[PDB]
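Have a look at my_file23.cif below; it lists mmCIF, C-alpha atoms and all ligand atoms.
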```cif
data_run
#
loop_
_atom_site.label_atom_id
_atom_site.label_comp_id
_atom_site.auth_asym_id
_atom_site.auth_seq_id
_atom_site.Cartn_x
_atom_site.Cartn_y
_atom_site.Cartn_z
CA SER A 1 -7.90 -5.02 -15.40
CA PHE A 2 -9.39 -3.97 -11.94
CA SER A 3 -12.92 -5.17 -11.27
CA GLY A 4 -15.54 -4.79 -8.60
CA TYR A 5 -14.09 -1.53 -7.23
CA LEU A 6 -16.30 1.16 -5.70
CA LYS A 7 -15.38 4.60 -7.03
CA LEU A 8 -14.77 7.01 -4.12
CA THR A 9 -13.40 10.00 -6.05
CA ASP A 10 -12.17 10.85 -9.60
CA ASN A 11 -9.02 8.76 -8.96
CA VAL A 12 -9.53 6.64 -5.83
CA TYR A 13 -11.23 3.21 -5.98
CA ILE A 14 -11.78 0.69 -3.18
CA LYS A 15 -12.59 -3.01 -2.83
CA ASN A 16 -12.81 -5.57 0.00
CA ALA A 17 -10.06 -7.89 -1.23
CA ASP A 18 -6.85 -9.67 -0.38
CA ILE A 19 -4.17 -7.55 -2.11
CA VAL A 20 -2.11 -10.72 -2.90
CA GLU A 21 -5.11 -12.29 -4.65
CA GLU A 22 -5.81 -8.97 -6.41
CA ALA A 23 -2.18 -8.72 -7.56
CA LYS A 24 -2.12 -12.33 -8.88
CA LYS A 25 -5.37 -11.70 -10.79
CA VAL A 26 -4.66 -8.24 -12.25
CA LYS A 27 -0.84 -8.44 -12.56
CA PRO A 28 -0.77 -4.59 -12.14
CA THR A 29 2.11 -2.39 -13.24
CA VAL A 30 2.60 -1.41 -9.56
CA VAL A 31 1.60 -3.12 -6.36
CA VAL A 32 2.31 -1.05 -3.20
CA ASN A 33 3.80 -2.81 -0.22
CA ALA A 34 3.20 -1.53 3.35
CA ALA A 35 6.91 -1.64 4.05
CA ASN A 36 9.08 -0.73 7.05
CA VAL A 37 12.44 1.14 6.72
CA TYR A 38 14.38 -2.13 6.84
CA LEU A 39 12.26 -3.87 4.17
CA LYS A 40 11.73 -6.72 6.68
CA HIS A 41 8.50 -8.21 5.31
CA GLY A 42 7.32 -10.04 8.40
CA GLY A 43 3.61 -9.50 8.82
CA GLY A 44 0.54 -7.77 7.44
CA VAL A 45 0.61 -6.83 3.76
CA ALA A 46 4.45 -7.11 3.58
CA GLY A 47 4.53 -10.63 4.98
CA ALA A 48 1.70 -11.73 2.71
CA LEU A 49 3.22 -10.19 -0.46
CA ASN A 50 6.63 -11.64 0.37
CA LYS A 51 5.23 -15.13 1.06
CA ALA A 52 3.40 -14.98 -2.33
CA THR A 53 6.79 -14.35 -4.02
CA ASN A 54 8.28 -17.47 -2.28
CA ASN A 55 10.57 -15.06 -0.33
CA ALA A 56 12.09 -13.59 -3.55
CA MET A 57 10.86 -10.13 -2.45
CA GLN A 58 12.79 -10.48 0.87
CA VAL A 59 16.01 -11.69 -0.84
CA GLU A 60 15.84 -8.76 -3.27
CA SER A 61 15.02 -6.37 -0.38
CA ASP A 62 17.98 -7.57 1.68
CA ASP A 63 20.33 -6.85 -1.24
CA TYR A 64 18.68 -3.39 -1.62
CA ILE A 65 19.25 -2.59 2.11
CA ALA A 66 22.84 -3.92 2.04
CA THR A 67 23.60 -1.47 -0.79
CA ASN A 68 21.48 1.54 0.16
CA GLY A 69 20.71 1.39 3.87
CA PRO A 70 17.24 1.80 5.29
CA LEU A 71 14.47 3.87 3.78
CA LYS A 72 13.11 6.95 5.56
CA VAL A 73 9.66 6.84 7.22
CA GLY A 74 7.49 8.48 4.52
CA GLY A 75 9.82 7.26 1.77
CA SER A 76 9.75 4.55 -0.83
CA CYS A 77 11.71 2.49 -3.27
CA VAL A 78 10.74 0.72 -6.49
CA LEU A 79 11.74 -2.94 -6.62
CA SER A 80 10.55 -5.94 -8.72
CA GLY A 81 6.95 -7.03 -8.48
CA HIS A 82 8.11 -10.66 -8.97
CA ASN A 83 5.08 -12.93 -9.83
CA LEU A 84 2.62 -10.31 -8.51
CA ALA A 85 3.17 -7.15 -10.53
CA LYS A 86 5.70 -5.46 -12.89
CA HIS A 87 7.00 -3.44 -9.90
CA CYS A 88 6.52 -3.24 -6.18
CA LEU A 89 6.54 0.24 -4.70
CA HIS A 90 7.66 -0.32 -1.11
CA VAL A 91 6.21 2.62 0.82
CA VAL A 92 6.95 3.28 4.50
CA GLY A 93 4.04 4.81 6.30
CA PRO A 94 4.52 5.88 9.96
CA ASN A 95 4.01 3.04 12.44
CA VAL A 96 1.96 4.51 15.29
CA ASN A 97 2.75 1.32 17.33
CA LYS A 98 6.49 2.35 17.16
CA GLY A 99 5.56 6.02 18.09
CA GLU A 100 6.25 7.39 14.59
CA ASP A 101 4.77 10.76 13.56
CA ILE A 102 1.32 10.30 11.91
CA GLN A 103 1.97 13.60 10.03
CA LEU A 104 4.39 11.51 7.84
CA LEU A 105 1.38 9.64 6.33
CA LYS A 106 0.83 12.42 3.77
CA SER A 107 4.52 12.19 2.70
CA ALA A 108 4.15 8.41 2.38
CA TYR A 109 1.09 8.78 0.08
CA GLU A 110 2.93 11.36 -2.07
CA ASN A 111 5.09 8.49 -3.34
CA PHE A 112 1.99 7.14 -5.17
CA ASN A 113 1.97 10.27 -7.39
CA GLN A 114 5.05 9.00 -9.24
CA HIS A 115 2.98 6.12 -10.72
CA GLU A 116 -0.01 6.51 -13.06
CA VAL A 117 -1.88 3.58 -11.60
CA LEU A 118 -1.35 1.49 -8.47
CA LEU A 119 -2.88 -1.42 -6.57
CA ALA A 120 -2.38 -0.50 -2.89
CA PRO A 121 -3.26 -1.06 0.72
CA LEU A 122 -4.20 1.77 3.14
CA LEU A 123 -0.89 3.09 4.42
CA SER A 124 -0.18 2.93 8.18
CA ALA A 125 -3.41 0.94 8.71
CA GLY A 126 -3.63 -2.58 10.23
CA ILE A 127 -0.64 -3.55 12.31
CA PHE A 128 0.89 -0.09 11.67
CA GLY A 129 -1.68 1.25 14.19
CA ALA A 130 -3.12 4.31 12.46
CA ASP A 131 -6.86 4.91 12.06
CA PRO A 132 -7.77 3.43 8.61
CA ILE A 133 -10.55 6.06 8.21
CA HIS A 134 -7.89 8.77 8.56
CA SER A 135 -5.55 6.87 6.17
CA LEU A 136 -8.27 6.78 3.47
CA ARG A 137 -8.89 10.51 3.97
CA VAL A 138 -5.16 11.30 3.57
CA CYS A 139 -5.05 9.01 0.51
CA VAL A 140 -7.97 10.82 -1.18
CA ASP A 141 -6.52 14.25 -0.34
CA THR A 142 -2.93 13.40 -1.42
CA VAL A 143 -2.92 10.89 -4.26
CA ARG A 144 -3.76 12.37 -7.68
CA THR A 145 -2.89 9.24 -9.72
CA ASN A 146 -5.26 6.22 -10.09
CA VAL A 147 -5.18 4.20 -6.89
CA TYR A 148 -7.06 0.93 -6.41
CA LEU A 149 -7.27 0.25 -2.71
CA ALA A 150 -7.60 -3.35 -1.47
CA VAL A 151 -8.99 -3.51 2.10
CA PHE A 152 -8.59 -6.99 3.51
CA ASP A 153 -10.93 -6.73 6.52
CA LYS A 154 -14.67 -6.90 5.50
CA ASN A 155 -15.89 -5.09 8.62
CA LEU A 156 -13.36 -2.31 8.11
CA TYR A 157 -14.23 -2.08 4.39
CA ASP A 158 -17.92 -1.64 5.28
CA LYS A 159 -17.02 1.05 7.87
CA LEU A 160 -14.72 2.84 5.38
CA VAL A 161 -17.41 3.01 2.66
CA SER A 162 -20.29 3.94 4.98
CA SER A 163 -18.28 6.74 6.68
CA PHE A 164 -16.64 8.16 3.52
CA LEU A 165 -17.34 11.83 3.13
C1 LIG B 201 -8.96 -5.66 12.19
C2 LIG B 201 -8.41 -4.27 11.97
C3 LIG B 201 -8.22 -3.40 13.04
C4 LIG B 201 -7.66 -2.14 12.85
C5 LIG B 201 -7.29 -1.74 11.58
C6 LIG B 201 -7.46 -2.61 10.50
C7 LIG B 201 -6.94 -2.21 9.17
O1 LIG B 201 -6.63 -1.05 8.95
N1 LIG B 201 -6.78 -3.20 8.27
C8 LIG B 201 -6.37 -2.92 6.91
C9 LIG B 201 -6.99 -3.83 5.87
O2 LIG B 201 -7.82 -4.74 6.34
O3 LIG B 201 -6.71 -3.77 4.68
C10 LIG B 201 -8.04 -3.85 10.71
#
```

Would you put the structure from the file into structure tokens?
Amino acid sequence: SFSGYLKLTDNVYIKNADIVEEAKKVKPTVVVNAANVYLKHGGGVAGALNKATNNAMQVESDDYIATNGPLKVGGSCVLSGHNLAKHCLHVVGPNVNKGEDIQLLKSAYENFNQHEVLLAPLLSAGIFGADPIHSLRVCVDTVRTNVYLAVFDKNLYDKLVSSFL
């Protein structure tokens, strides 16, 4: 199971780790992907998770979009976790770099409440442009299920822990 996590609250845990490496080690029931509405897994967490599946996540995602159309910003879909997890919960946080409403970050985190335990990144953080400190705050105040957050960047991880209220 999950190891080396710092407990932030009753249900939120955090670790400085590569979420792909964490997923391959733990093989969690759910790994969260930092998805976009098109499920185009190009960069950041999505690109890394997809590359770890040898592009199987993208092929499956393209079939999902062909059938269902794009997701909503703040929405999610459950697809296969491939070699990383039982399932992948593709969650679309607002992309501040595309001018999307940061208020949708709480709706995006609400998707985590449908799963008892998840391995996840900070939504809308990184290349999505939102403040990761704010993302962690929204996570703690929204997610009630057990969430194990993997923060890739060491300097950000240190700042997140040291500033956590
Ligand atoms: C280097 C940098 C700048 C701004 C934001 C971030 C960030 O939220 N990263 C997420 C993560 O490392 O898991 C990193």

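With all atoms listed in the file as the atoms that count, the minimum distance from ligand LIG 201 (chain B) to the choices A:132, A:70, A:43, A:28 is reached by A:132.
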
May I have the residues within 9 Å of ligand LIG 201 (chain B), computed using all atoms listed in the file, as number ranges by chain? A: 16-19, 44-45, 121-133, 135, 149-157

Between CA of residue 104 (chain A) and CA of residue 5 (chain A), distance in Å (one decimal): 27.2 Å

Using only C-alpha atoms, which protein or nucleic acid residues come within 6 Å of residue 92 (chain A)? Drop anything in the same chain fewer than 2 positions from it, and give the result as a CSV table (one decimal) with C-alpha atoms, keeping the file's coordinate frame.
```
chain,number,residue,atom,x,y,z
A,35,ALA,CA,6.9,-1.6,4.0
A,36,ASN,CA,9.1,-0.7,7.0
A,73,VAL,CA,9.7,6.8,7.2
A,74,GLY,CA,7.5,8.5,4.5
A,75,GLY,CA,9.8,7.3,1.8
```

Nearby residues (all atoms listed in the file) at most 8 Å from region 113-118 of chain A, same-chain spacing under 3 positions excluded, as a ChimeraX atom specification: /A:28-32,109-110,143-148

Can you tell me which residues surround residue 76 (chain A) at a distance of at most 8 Å, considering all atoms listed in the file, apart from same-chain residues fewer than 3 positions away, and format the answer as an MDAnalysis selection string? chainID A and resid 71:72 89:92 108 111

Top pick for closest residue to residue 2 (chain A), considering A:20, A:55, A:26, A:83 and counting only C-alpha atoms: A:26
